[PDB]
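Enquirer: Before I ask anything, let me first share the structure, which is written out below as structure tokens.
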Amino acid sequence: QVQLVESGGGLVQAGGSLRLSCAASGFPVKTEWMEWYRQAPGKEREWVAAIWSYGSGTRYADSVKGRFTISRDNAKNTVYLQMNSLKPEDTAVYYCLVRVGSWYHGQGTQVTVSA
Amino acid sequence: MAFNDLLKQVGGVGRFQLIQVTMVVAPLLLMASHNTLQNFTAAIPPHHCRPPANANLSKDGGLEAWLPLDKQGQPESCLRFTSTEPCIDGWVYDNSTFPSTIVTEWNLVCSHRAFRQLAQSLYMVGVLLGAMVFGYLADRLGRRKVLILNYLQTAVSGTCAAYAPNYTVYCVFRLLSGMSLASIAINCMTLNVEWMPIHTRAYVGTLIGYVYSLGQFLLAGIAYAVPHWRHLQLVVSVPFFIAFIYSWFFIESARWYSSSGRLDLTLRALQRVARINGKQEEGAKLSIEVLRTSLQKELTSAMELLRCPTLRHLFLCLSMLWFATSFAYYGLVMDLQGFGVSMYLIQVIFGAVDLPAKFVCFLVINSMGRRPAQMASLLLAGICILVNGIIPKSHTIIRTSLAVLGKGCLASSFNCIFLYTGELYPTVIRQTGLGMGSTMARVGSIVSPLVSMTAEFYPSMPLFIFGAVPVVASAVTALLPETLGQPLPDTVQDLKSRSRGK
């Protein structure tokens, strides 16, 4: 099967930096689709960033462009995503998929930005 | 004093011949319109899965919550989130640009994307079967009767396919419409040639080319006027009903009557034309005795085509040329969705560019040469469409212009290959050669939508095939001998001598 256990949840002040990652299995990070999704309390599944096969490029969303950094890692079959200058409206549980719409997705990691 | 002499005896450029040639060649505008109507009524608008009514969309913050986003940022066209699962409650199509099409009405988007091209392939196999069987039936039965039945069948198929409730009914009736349309086109050109004198056959061909170009323009204009698909098909096929209504006034070719062994009907038709043309004494000079004294020479297959080996090689070369030309032409014409511009403007500019290509082609063939003209047109068109496929969708003007030049080069290649197939073939099977070339062209037009269907695996594989087939065709037809010289083969004996001559 495919497992996507993720870690990185915690409390960090606005303007800090902490990295998020989900431990994938059964596939490498240079072959298929992979995204990141948010859902704030009361908010919907907001798409954050996208990575395609073989590092085709980098792309974010309207409120995410120029603020977020996404980095892959072929060695440990993980995506190492960093965020700096944390928006205080970004309190959400971070999700990662294995395709653009897929049968396998991460369990969940919840972070707090506070002030 | 052959049949041509009798034809010029009664006018030959008179009012009757002109009125019949226009009255017979007018529906070719609708011919082109129905040819490209599958392209213009199967436009795929943006679409996505419809979320189930279990959860209200008001608390979903919009439709984007339950819709994954693709490379360009649009919602995914086939798949949806579970809060995955495929489209199970239909699709949602925006009506901002295309109110209704066949894909919008019948959900031919995902897992049914092949049916949109399969309907066009059914129309093309209809065209091929109609051409073959109705040419046989016209030779066996007649020309005016075949034409009037063609008009009736075209109108009936158009209406009863626009009002199709299901998709199988639509595909079958498009098959029948293609049948009737190929038959009416071939019998139109045949009758126009038969009733006109020898001096005006080139003028008739030029007129038919102008009519096709104007029909492309008319399709663009009407399709701009009528945005729907049922209404578009109605407004495009209904005039065939009035065409059938007025087509009972036609006068069938007397040459076919003479070839049928009956001369009284030929005589009757001759003074019918005389009365229409206004010259009565000239028709009165005709009589039963003078008919056989004028057509004594006139009154008195694939197998033989394939027995001769060098003739077989020539046939294979010309068949490959026809196949590739039609295949590339109908692979390029019916991809107007991916040019990034409204279909109306690109269709209008296609119709505009159709004619200068004919002019340039005529200049090069009658002044420079025929083989260089064919080579330049085919190879340059193939390279242009291939590099159009390679060039990404980010740029639109360059791709549009590239394809606008492509289409014109395909038209020039069509003129060149028709001139070739009518020139190098000996008069023994020259008509057989024309028929086989047209049949292989329709086979290519059959295959091309099937190739275009395989766009799900790769986003440019159909365009790669469309751009690569003409190159291989040019490579295999470079061995065709030059024919700019005056000598024109008549029998099969000089075919080997002509090869011996070069």
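Convention: chains lettered A, B, ... in structure tokens order; per-chain residue numbering from 1; ligands numbered from 1 as shown.
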Sorted by chain and rising residue number, list the residues of chain A at most 10 Å from chain B (counting only C-alpha atoms), each with its closest atom pair and distance in Å to one decimal, as a Markdown table.
Expert:
| residue | atom | partner | partner_atom | distance |
| --- | --- | --- | --- | --- |
| A:42 | CA | B:59 | CA | 9.2 |
| A:43 | CA | B:61 | CA | 7.8 |
| A:44 | CA | B:65 | CA | 6.0 |
| A:45 | CA | B:65 | CA | 5.6 |
| A:46 | CA | B:65 | CA | 7.0 |
| A:47 | CA | B:69 | CA | 8.2 |
| A:50 | CA | B:71 | CA | 8.9 |
| A:52 | CA | B:71 | CA | 9.2 |
| A:59 | CA | B:71 | CA | 9.5 |
| A:61 | CA | B:73 | CA | 9.2 |
| A:99 | CA | B:68 | CA | 9.8 |
| A:100 | CA | B:68 | CA | 6.2 |
| A:101 | CA | B:84 | CA | 5.9 |
| A:102 | CA | B:84 | CA | 5.4 |
| A:103 | CA | B:84 | CA | 5.4 |
| A:104 | CA | B:84 | CA | 8.5 |
| A:105 | CA | B:84 | CA | 9.7 |
Enquirer: Go ahead and save the residues from that selection, with N, CA and C atoms, as a CSV table (one decimal), in the first residue's frame.
Expert:
chain,number,residue,atom,x,y,z
A,42,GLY,N,-13.5,26.4,9.6
A,42,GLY,CA,-14.6,27.1,8.9
A,42,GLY,C,-14.3,27.4,7.4
A,43,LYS,N,-13.0,27.1,7.0
A,43,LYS,CA,-12.7,27.3,5.6
A,43,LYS,C,-12.6,25.9,4.8
A,44,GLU,N,-12.5,26.0,3.5
A,44,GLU,CA,-12.6,24.9,2.7
A,44,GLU,C,-11.2,24.4,2.3
A,45,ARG,N,-11.1,23.4,1.4
A,45,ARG,CA,-9.9,22.8,1.0
A,45,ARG,C,-9.2,23.8,0.0
A,46,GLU,N,-8.4,24.6,0.5
A,46,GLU,CA,-7.7,25.6,-0.3
A,46,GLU,C,-6.3,25.1,-0.8
A,47,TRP,N,-6.2,25.1,-2.1
A,47,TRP,CA,-5.0,24.5,-2.7
A,47,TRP,C,-3.8,25.5,-2.6
A,50,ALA,N,1.9,23.2,-6.0
A,50,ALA,CA,1.8,22.0,-6.9
A,50,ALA,C,3.2,21.7,-7.4
A,52,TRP,N,5.0,18.8,-10.2
A,52,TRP,CA,4.8,17.8,-11.2
A,52,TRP,C,6.0,16.9,-11.3
A,59,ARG,N,4.8,26.5,-8.6
A,59,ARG,CA,3.7,27.3,-8.8
A,59,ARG,C,2.9,27.4,-7.5
A,61,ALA,N,-0.6,29.8,-5.4
A,61,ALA,CA,-1.9,30.4,-5.6
A,61,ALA,C,-1.9,31.9,-5.4
A,99,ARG,N,-1.6,12.7,-6.4
A,99,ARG,CA,-2.0,13.1,-7.7
A,99,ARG,C,-2.9,14.3,-7.6
A,100,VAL,N,-3.3,14.8,-8.8
A,100,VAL,CA,-4.3,15.9,-8.8
A,100,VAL,C,-5.7,15.2,-8.7
A,101,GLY,N,-6.0,14.9,-7.5
A,101,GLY,CA,-7.2,14.0,-7.3
A,101,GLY,C,-6.7,12.6,-7.2
A,102,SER,N,-6.6,12.0,-6.0
A,102,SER,CA,-6.0,10.7,-5.9
A,102,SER,C,-6.7,9.9,-4.8
A,103,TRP,N,-6.4,8.6,-4.7
A,103,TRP,CA,-7.0,7.7,-3.7
A,103,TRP,C,-6.2,7.7,-2.4
A,104,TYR,N,-5.0,8.3,-2.4
A,104,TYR,CA,-4.1,8.3,-1.3
A,104,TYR,C,-3.8,9.7,-0.9
A,105,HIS,N,-4.0,10.1,0.4
A,105,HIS,CA,-3.7,11.4,0.9
A,105,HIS,C,-3.3,11.3,2.4
Enquirer: Please identify all polymer residues within 12 Å of residue 65 (chain A), counting only C-alpha atoms, omitting same-chain residues fewer than 2 positions from it, and present them as a ChimeraX atom specification.
Expert: /A:47-50,58-63,67-70,83
Enquirer: What is the distance between CA of residue 474 (chain B) and CA of residue 441 (chain B), in Å to one decimal?
Expert: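 Separation of CA of residue 474 (chain B) and CA of residue 441 (chain B): 15.5 Å.
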Enquirer: Please identify all polymer residues within 8 Å of residue 77 (chain A), counting only C-alpha atoms, omitting same-chain residues fewer than 5 positions from it, and present them as a PyMOL selection string.
Expert: chain A and resi 23-25+27-29
Enquirer: Counting only C-alpha atoms, what is within 9 Å of region 168-179 of chain B, bar same-chain residues fewer than 6 positions away, as a PyMOL selection string?
Expert: chain B and resi 34-35+118-131+133-134+150+153-158+160-162
Enquirer: Go ahead and compute the interatomic distance for CA of residue 28 (chain B) and CA of residue 212 (chain B), in Å to one decimal.
Expert: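 Atom-to-atom, CA of residue 28 (chain B) to CA of residue 212 (chain B), that is 6.1 Å.
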Enquirer: Using the chain letters and numbers from this document, which residues of region 309-351 of chain B does DSSP assign to alpha helix (DSSP H), as a ChimeraX atom specification?
Expert: /B:309-333,343-351
Enquirer: Selected residues, C-alpha atoms, written as a PDB file, in the first residue's frame, please.
Expert:
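New file result-v5.pdb:
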ATOM      1  CA  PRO B 309       3.555  -3.762 -62.421  1.00  0.00           C
ATOM      2  CA  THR B 310       4.791  -0.274 -63.323  1.00  0.00           C
ATOM      3  CA  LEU B 311       1.165   0.865 -63.420  1.00  0.00           C
ATOM      4  CA  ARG B 312       0.777  -0.717 -59.978  1.00  0.00           C
ATOM      5  CA  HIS B 313       3.760   1.259 -58.663  1.00  0.00           C
ATOM      6  CA  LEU B 314       2.390   4.489 -60.145  1.00  0.00           C
ATOM      7  CA  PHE B 315      -0.999   3.752 -58.576  1.00  0.00           C
ATOM      8  CA  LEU B 316       0.605   3.084 -55.192  1.00  0.00           C
ATOM      9  CA  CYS B 317       2.520   6.368 -55.362  1.00  0.00           C
ATOM     10  CA  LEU B 318      -0.537   8.407 -56.349  1.00  0.00           C
ATOM     11  CA  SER B 319      -2.735   6.657 -53.775  1.00  0.00           C
ATOM     12  CA  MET B 320      -0.217   7.471 -51.046  1.00  0.00           C
ATOM     13  CA  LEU B 321      -0.151  11.093 -52.220  1.00  0.00           C
ATOM     14  CA  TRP B 322      -3.958  11.388 -52.169  1.00  0.00           C
ATOM     15  CA  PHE B 323      -4.210   9.634 -48.798  1.00  0.00           C
ATOM     16  CA  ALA B 324      -1.601  11.859 -47.167  1.00  0.00           C
ATOM     17  CA  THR B 325      -3.011  15.064 -48.651  1.00  0.00           C
ATOM     18  CA  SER B 326      -6.575  14.457 -47.475  1.00  0.00           C
ATOM     19  CA  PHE B 327      -5.400  13.009 -44.146  1.00  0.00           C
ATOM     20  CA  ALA B 328      -3.319  16.083 -43.306  1.00  0.00           C
ATOM     21  CA  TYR B 329      -5.966  18.477 -44.631  1.00  0.00           C
ATOM     22  CA  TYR B 330      -8.769  17.066 -42.486  1.00  0.00           C
ATOM     23  CA  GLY B 331      -6.462  16.650 -39.503  1.00  0.00           C
ATOM     24  CA  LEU B 332      -5.591  20.348 -39.680  1.00  0.00           C
ATOM     25  CA  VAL B 333      -8.986  21.823 -40.615  1.00  0.00           C
ATOM     26  CA  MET B 343     -13.416  29.876 -34.556  1.00  0.00           C
ATOM     27  CA  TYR B 344     -15.277  32.482 -36.620  1.00  0.00           C
ATOM     28  CA  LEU B 345     -12.210  34.633 -37.324  1.00  0.00           C
ATOM     29  CA  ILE B 346      -9.929  31.690 -38.128  1.00  0.00           C
ATOM     30  CA  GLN B 347     -12.559  30.169 -40.423  1.00  0.00           C
ATOM     31  CA  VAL B 348     -13.014  33.516 -42.199  1.00  0.00           C
ATOM     32  CA  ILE B 349      -9.271  33.884 -42.699  1.00  0.00           C
ATOM     33  CA  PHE B 350      -9.085  30.270 -43.927  1.00  0.00           C
ATOM     34  CA  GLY B 351     -11.699  31.054 -46.560  1.00  0.00           C
TER      35      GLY B 351
END
Enquirer: Pick from A:22, A:72, A:14, A:56: nearest to residue 108 (chain A), with only C-alpha atoms counted?
Expert: A:22
Enquirer: What does the distance between CA of residue 94 (chain A) and CA of residue 26 (chain A) come to in Å, to one decimal place?
Expert: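 Here the two named atoms are 21.3 Å from each other.
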Enquirer: Among chain A, which ones does DSSP place in strand (DSSP E), written as a count of residues only?
Expert: 42
Enquirer: Can you tell me, as a PyMOL selection string, what residues are no more than 10 Å from residue 111 (chain A) when counting only C-alpha atoms, ignoring any on the same chain fewer than 5 positions away?
Expert: chain A and resi 8-12+18+20+90-94
Enquirer: Excluding residue 260 (chain B) and residues on its chain fewer than 3 positions from it, collect all residues at most 10 Å away from it, counting only C-alpha atoms, and give them as a list in words.
Expert: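 Selected residues are residues 139, 140, 141, 142, 254, 255, 256, 257, 263, 266 and 299 of chain B.
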Enquirer: Using C-alpha atoms, can you export the residues from the last selection as a PDB file, in the first residue's frame?
Expert:
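Result file is again.pdb:
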ATOM      1  CA  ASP B 139     -23.815   5.004 -63.843  1.00  0.00           C
ATOM      2  CA  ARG B 140     -26.496   2.298 -63.734  1.00  0.00           C
ATOM      3  CA  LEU B 141     -29.524   4.582 -63.263  1.00  0.00           C
ATOM      4  CA  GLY B 142     -28.958   8.235 -64.146  1.00  0.00           C
ATOM      5  CA  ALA B 254     -27.603  13.873 -73.056  1.00  0.00           C
ATOM      6  CA  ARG B 255     -24.144  12.281 -73.231  1.00  0.00           C
ATOM      7  CA  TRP B 256     -25.260   9.701 -70.667  1.00  0.00           C
ATOM      8  CA  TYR B 257     -28.423   9.074 -72.699  1.00  0.00           C
ATOM      9  CA  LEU B 263     -31.282   8.255 -78.724  1.00  0.00           C
ATOM     10  CA  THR B 266     -31.160  12.538 -76.380  1.00  0.00           C
ATOM     11  CA  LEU B 299     -21.806   4.882 -79.388  1.00  0.00           C
TER      12      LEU B 299
END
